[PDB]
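Next up is one chain by itself, shown in structure tokens, the form deposited in one PDB entry.
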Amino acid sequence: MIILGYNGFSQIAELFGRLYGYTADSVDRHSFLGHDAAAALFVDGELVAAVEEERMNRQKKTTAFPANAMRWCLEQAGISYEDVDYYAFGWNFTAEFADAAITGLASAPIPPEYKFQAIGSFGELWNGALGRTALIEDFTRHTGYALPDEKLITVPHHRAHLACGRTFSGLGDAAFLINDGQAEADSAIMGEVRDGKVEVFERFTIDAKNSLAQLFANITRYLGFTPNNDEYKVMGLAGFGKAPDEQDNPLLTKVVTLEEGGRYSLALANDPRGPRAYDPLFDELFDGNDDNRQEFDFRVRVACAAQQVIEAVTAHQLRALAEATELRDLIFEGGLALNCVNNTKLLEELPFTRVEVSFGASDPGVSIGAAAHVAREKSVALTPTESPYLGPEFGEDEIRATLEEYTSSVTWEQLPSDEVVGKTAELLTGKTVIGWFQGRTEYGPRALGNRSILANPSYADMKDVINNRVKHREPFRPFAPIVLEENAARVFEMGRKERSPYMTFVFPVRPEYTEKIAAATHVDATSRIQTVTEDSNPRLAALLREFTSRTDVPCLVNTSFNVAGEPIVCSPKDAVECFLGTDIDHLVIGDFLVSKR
């Protein structure tokens, strides 16, 4: 039983650019489905391989067919397209949905002129990208394998999110919340998993016009940031501000309405100007004009408001789900689980003992999920696994061959394998920013110490220094720390958590370490931490013991290894080209210590 799950449409790029004006140069360029195209391959229940097409084609959140990733996934498992039993697509645009979607459109309080325009666009998206026919054509043009209808199973988007979380959570019977920007028809659902069987409580299912995630997205656009690429900047800005009273939160009274059964709805959900309608309504709530919106204290006030909406709405949803079932082990998946601040708050302030958000809570995870969903259904007992390190590895010979292609630009020494960790630790004792390239490429949006820039957080000026050594760093972004699992409770206020290996939860820094791990903390006194063990990342675990024995510092800064708007480096080619395009001191890539000439 070989099952491959994927996500992408080659024509989705073209169609949104034309129909909705969402073009490659627009701030709305990441705001259409198919973003975070990828492949994930299960052989006999072991998740053998996975990587996002953004890492291969080097184009961020690429909506493309994941051709290079599917190539690589098959190569890793040493098979071809024809050995795969079922392909899993992480969207389920069936005829039944399209039947309901038109029927829905027909039945709506709208001038029929807007109705023709909408139904016709949905047609262009249907025929162009979404439909089972477009899919089979799209696959067949790109792989060269002609995909038998038999071998293609489309998974409901939200169900694909669910399948990702279950694969990595460790749990059995669990409650769950999926809350993403938009699915086929829903924007969020809740239910439970009991003794293998998923059950959606349809009573909580929120429609796509009442989208909590896309409200935050509109807010991100409002403040001159890229919606669907820069929402953390809002979360980030909520750090420098005080939350209003919930009765004093303009967005929580004139935009969002809390309904019984943990439901909610939005003013201007049915306005046929689309979502851009909220732009002037936001000016009418926050003094907004053309010399105040992209300002700081403005950005901060809004941010706090938006962040509180997020905290407020999701809190309601989960309260409801509390009575709806007995279970207190929660799976939170979908893109609103990217709000790591909010994730901690749900855990601590609500009745769920355990809350598991995976490194694939976002759409990148729906490629893994799509495959997992089909497998479990095929009674294929799934080998439990916690590892995000699912992408391309590189040998000692492939790195040495790449560094020789750059003899003119960099020098390098090849250290003995088990001395590297200790030599990098000695460097890291200084005001030194490091490139760290080891093991298989990590999956999802956060770098978890295989394609990382590392640095010593103990020096007070290190924040300013990292941002200066790696020019081309994207602003409004705080630095996150790595720590060994054992030092987590000592250094951070963990509450109900004993470990956070994916940077999915934020935690307050205890006062006795605030000067020691400064660079890896926000002004909120918060760190989006990655716990590390000899089991999860032995080389990374080892680095920390060497670094900590020398400095008595328990944490290293771990920030994504990339320039602005470029995705995380995948190849060693990628790593060196980045190292040279930055003022980073050194690059430790496998057993090699690269320096510049």
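Think of the rigid core as the biggest set of C-alphas that the two forms share within 1.5 Å after superposition. One rule holds for the numbers: they count along the sequence shown, beginning at 1.
One more form of this protein should be noted, the form deposited in another entry, which is absent from this view; the next part is about it.
Among the candidates 473, 263, 376, 209, the CA atom that moves 2 angstroms or more between this form and the one not shown after core superposition belongs to 473 alone. Residue displacement note: residue 104 has its CA displaced by at least 2 Å between this form and the one not shown (rigid core superposed).
If you fit the rigid core between this form and the one not shown, you'll see the Cα of residue 240 move by less than 2 angstroms.
After superposition on the rigid core, the Cα atom of residue 113 is displaced by 2 Å or more between this form and the one not shown.
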